[PDB]
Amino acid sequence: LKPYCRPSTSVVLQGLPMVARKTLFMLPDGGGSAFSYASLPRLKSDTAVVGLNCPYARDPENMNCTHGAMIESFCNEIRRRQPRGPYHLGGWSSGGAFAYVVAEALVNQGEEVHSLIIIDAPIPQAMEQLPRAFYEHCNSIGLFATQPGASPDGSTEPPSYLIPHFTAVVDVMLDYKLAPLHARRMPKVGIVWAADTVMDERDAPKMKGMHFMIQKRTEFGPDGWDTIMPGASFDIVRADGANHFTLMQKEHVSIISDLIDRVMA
């Protein structure tokens, strides 16, 4: 019996697909909402932006699908919007990883992927769970302002399904097995690396291993992305003064849209 996953929905966040020369498809980050990218400034290039929503955003307790089934769901919605490639993919955090894996799928189906936009995310991999307390700390600072249902200033508790959806997403990637992109023509990758961490490492929660959101970054090159996409051009930006979440706030978000305009110019 075929692995199942609810179909996915998507919305245009800016621009006009099909009429615009290119369309950038953003996969959802830990929260499961396309509106995480609604903070992206208007692209000055002739590019539209479409964002997908996780079909289990408000009931993560029912995410019973395999990552493969979820990827197929994302691909199905993308090709519904745009039947033929090339494609242009992207995402923040868990969405950046989903964007690669989606490219894997599309490339394996014989389609071309010309752009990949990664916003602060290490190459696709099983990952150790951050504890609830960490996310509740991020919320007390107002870092969930991008999440639709959450508090823009951290004055209230987050929606009941938010933090568990983060947990659910990390968990569905548990059985992921890395593989290099099987396309002779590599896409043009853009990567944004946050320079700061939410908490000082001395105050961070104890973990069994390392975590890209706990240890301050010191490596600002492809840092692994060049291993799964050898031969690709990488436009890499160091967001000094910004951490994983503030990177999406008005204070810094423009570096991301400038990058997209460059990679997709």
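All residue numbers are counted from 1 along the displayed sequence.
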- Is the mean CA B factor in the deposited entry higher across 248-256 or across 20-28? 248-256
- If you average the Cα B factors in the entry, which is higher, 103-111 or 146-154? 146-154
- Query: So among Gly51, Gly68, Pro55, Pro230, who wins on Cα B-factor in the entry?
  - Reply: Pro230
- Chain-relative CA temperature factor third for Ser140: highest
- Sorting the chain's modelled residues by C-alpha B-factor and splitting them into thirds places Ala183 in the highest
- Message: Among the modelled residues of this chain, does the Cα B factor of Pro164 put it in the lowest, middle or highest third?
- Response: lowest
- Ranked by Cα temperature factor within the chain, is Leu43 in the lowest third, the middle third or the highest third? highest
- Task: Divide the modelled residues of the chain into thirds by Cα B-factor and specify which third, lowest, middle or highest, holds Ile191.
- Result: lowest
